[PDB]
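For reference, the structure is listed below as structure tokens.
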Amino acid sequence: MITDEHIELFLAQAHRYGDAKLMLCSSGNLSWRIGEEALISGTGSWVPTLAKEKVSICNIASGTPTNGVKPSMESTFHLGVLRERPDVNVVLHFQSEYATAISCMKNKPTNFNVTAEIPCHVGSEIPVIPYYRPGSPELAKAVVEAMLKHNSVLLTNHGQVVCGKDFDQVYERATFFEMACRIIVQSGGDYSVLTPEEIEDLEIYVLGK
Amino acid sequence: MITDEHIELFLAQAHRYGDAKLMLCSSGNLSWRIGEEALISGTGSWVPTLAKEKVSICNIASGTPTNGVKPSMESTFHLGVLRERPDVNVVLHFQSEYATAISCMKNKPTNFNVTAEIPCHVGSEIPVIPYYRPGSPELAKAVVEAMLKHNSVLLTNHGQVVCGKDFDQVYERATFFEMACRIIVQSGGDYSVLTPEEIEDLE
């Protein structure tokens with residue numbers, strides 16, 4: 001069913017995330033649901049300059065590759081999220097600049113709501129997962145749990161994961177996740193946040209949009 | 001009398017603001033006075049990659065679109081500013097790197113005049129508006145009030161706004177606003193400013 005048309009668009013999106021510097025070289029991975037199957041970046045591949053030859057196809061329900069190309073060593077949480085979240089179509093694990101700095105900090109933010117776009121796009125709460133070996137079962141299980149009700153998670157000493165309806169939403173979510181972290185580091189940690197009431201107020205603004 | 005030439009210039013100019021990273025994705029908004037009407041970026045549109053289909057033509061006096069494109073929320077302060085400032089033709093709400101860091105700071109700097117370029121282009125005095133919901137009447141009130149006699153404004157916990165007679169003046173004004181903030185942060189807070197006398201001398 002899936003044509004080279006979808007695989008070409010997947011490729012350009014992977015490059016687009018690489019041009020935005022959401023990940024460097026061989027860290028991070030991407031997936032995209034088309035019907036009963038998903039496109040996932042191949043293990044050990046560079047998402048910025050991605051493949052074509054190293055694009056894996058798996059069945060979402062029994063996540064074994066059908067195209068005979070080995071998937072991301074982290075495909076378990078990619079596909080897990082997709083089984084879990086019927087509304088989600090793209091998952092991006094990346095490794096941003098300031099957001100990775102923060103993921104490695106001993107004193108992490110309790111509150112990332114520094115501008116309106118953060119609670120609106122990234123989520124009003126950002127679950128933080130402790131360090132697990134990349135590709136470890138324990139990691140997949142935590143991400144899947146974290147992403148049942150959240151679109152954005154911080155992996156400590158690793159990077160971050162984001163998901164959404166399409167490539168643009170995922171791009172938007174990734175960039176603002178990065179921007180929140182940039183504000184926090186660059187302000188020197190002495191910032192103020194939106195009030196709970198004020199984040200609820202935004203519903204009216206989101207409606208109008 | 002909006003030709004496509006007007007709209008194409010608006011699109012190109014939106015794009016150059018995006019290339020400078022004055023805003024990211026769907027944050028910020030841009031407006032341009034052309035006679036009795038104004039071009040405004042459409043609500044929800046991404047201004048760095050705008051978007052012929054998402055440009056609003058609005059009557060300045062009334063605020064209502066004529067081309068089927070829903071204008072930016074916050075069209076209320078843009079049109080507010082154009083009505084009170086006949087000299088102003090472009091208004092940009094943006095959200096750049098170091099200036100937004102300053103936006104969210106609990107203890108803001110009180111003096112931004114760190115090079116000659118700041119008092120010249122940005123203004124010797126930058127009004128700081130508290131946080132109000134984007135698009136809200138309270139925000140419109142503050143922004144319009146602050147921009148009667150200033151061209152540059154800091155929106156707490158949000159971003160910044162700039163005024164100008166044209167696109168070049170706005171681009172420069174925004175770039176130096178950001179530069180002033182970049183200096184403050186990179187210096188680590190321990191910076192000196194031009195004296196009041198020295199700013200008065202800049203004439």
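From first to last, the protein sequence lines are chains B and A.
Under the deposited numbering, the first residue of the first sequence carries the number 1, and numbering increases by one thereafter.
Under the deposited numbering, the first residue of the second sequence carries the number 1, and numbering increases by one thereafter.
Cβ coordinates follow ideal geometry from the N, Cα and C atoms, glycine included.
Do you know offhand how far residue i's Cα is from residue j's?
i, j, result
"A/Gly80", "A/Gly63", "9 angstroms"
"B/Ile184", "B/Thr115", "11 angstroms"
"B/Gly44", "B/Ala146", "25 angstroms"
"A/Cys163", "B/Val162", "36 angstroms"
"B/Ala20", "A/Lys21", "12 angstroms"
"A/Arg133", "B/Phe10", "36 angstroms"
"B/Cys181", "B/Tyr98", "5 angstroms"
"A/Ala51", "A/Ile2", "16 angstroms"
"A/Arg16", "A/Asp168", "11 angstroms"
"B/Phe176", "B/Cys120", "10 angstroms"
"A/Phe94", "B/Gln13", "26 angstroms"
"B/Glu5", "B/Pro71", "20 angstroms"
"A/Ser75", "A/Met179", "27 angstroms"
"A/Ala142", "A/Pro130", "9 angstroms"
"A/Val69", "B/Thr100", "39 angstroms"
"B/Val206", "B/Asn89", "22 angstroms"
"B/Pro48", "B/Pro65", "22 angstroms"
"A/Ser152", "A/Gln186", "21 angstroms"
"B/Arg33", "B/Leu39", "7 angstroms"
"B/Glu125", "A/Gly42", "29 angstroms"
Can you give me the Cβ contacts of residue i inside the same chain, cut-off strictly under 7 angstroms, excluding the 5 residues immediately before and after it?
i, result
"A/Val128", "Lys108, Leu154 and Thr156"
"B/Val193", "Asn111, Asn113 and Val114"
"B/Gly35", "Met1"
"A/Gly18", "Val47, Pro48 and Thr49"
"A/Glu197", "none"
Apart from the five residues on each side of it in sequence, which residues of its chain come closer than 6 angstroms, Cβ to Cβ, to residue i?
i, result
"A/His150", "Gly123 and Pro127"
"B/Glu37", "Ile57 and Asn59"
"B/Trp46", "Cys25 and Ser26"
"A/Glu117", "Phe176"
"residue 211 of chain B", "The first residue shown for chain B is 1 and the last is 209, placing residue 211 of chain B beyond what the model contains."
"A/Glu172", "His121"
"A/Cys104", "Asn157"
For residue i and chain A, any beta-carbon pair shorter than 9 angstroms?
i, result
"B/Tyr171", "yes"
"B/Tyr191", "yes"
"B/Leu202", "yes"
"B/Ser56", "no"
"B/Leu9", "no"
"B/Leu92", "no"
"B/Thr175", "yes"
"B/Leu50", "no"
"B/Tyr132", "no"
"B/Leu194", "yes"
How is the beta strand (DSSP E) around residue i delimited, first residue to last?
i, result
"A/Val161", "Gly159 to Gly164"
"A/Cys58", "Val55 to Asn59"
"A/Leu24", "Unbroken run through A/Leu24: none, as it is neither H nor E."
"B/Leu154", "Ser152 to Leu155"
"B/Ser41", "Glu37 to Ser41"
Within this structure, are the beta carbons of residue i and residue j separated by less than 9 angstroms?
i, j, result
"B/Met23", "B/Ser136", "no"
"A/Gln160", "A/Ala140", "no"
"B/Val144", "B/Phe77", "yes"
"B/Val55", "B/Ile7", "yes"
"B/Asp190", "A/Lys106", "yes"
"A/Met73", "B/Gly208", "yes"
Going by DSSP, what residue range makes up the alpha helix (DSSP H) through residue i?
i, result
"A/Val185", "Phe167 to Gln186"
"A/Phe94", "Counting along the chain, A/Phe94 falls outside any alpha helix (DSSP H), though it belongs to the beta strand (DSSP E) covering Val90 to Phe94."
"A/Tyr17", "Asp4 to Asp19"
"A/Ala51", "A/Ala51 -> no alpha helix (DSSP H), and no H or E assigned at all."
"B/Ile204", "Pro196 to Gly208"
"B/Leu148", "B/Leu148 -> no alpha helix (DSSP H), and no H or E assigned at all."
"B/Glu97", "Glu97 to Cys104"
"A/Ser75", "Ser75 to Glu84"
Against chain B, does residue i count as a neighbour if the rule is that its beta carbon must be under 9 angstroms from one of theirs?
i, result
"A/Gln160", "no"
"A/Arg16", "no"
"A/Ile102", "yes"
"A/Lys149", "no"
"A/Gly44", "yes"
"A/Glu145", "no"
"A/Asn29", "no"
"A/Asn111", "no"
"A/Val185", "yes"
"A/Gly135", "yes"
"A/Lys106", "yes"
"A/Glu53", "no"
Residues of chain E with CB under 7 angstroms from residue i, in chain order?
i, result
"B/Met179", "Looking for chain E here will not work: the only protein chains present are B and A."
Which same chain residues, not among the five before or five after residue i, have their C-beta less than 8 angstroms away from its C-beta?
i, result
"B/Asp87", "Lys165"
"A/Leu148", "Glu84 and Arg85"
"A/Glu138", "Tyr132"
I'd like to confirm something about residue i: is its beta-carbon nearer than 8 angstroms to some heavy atom of the ligand ATP, or not?
i, result
"A/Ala12", "This structure lacks the ligand ATP, and indeed carries no ligand of any kind."
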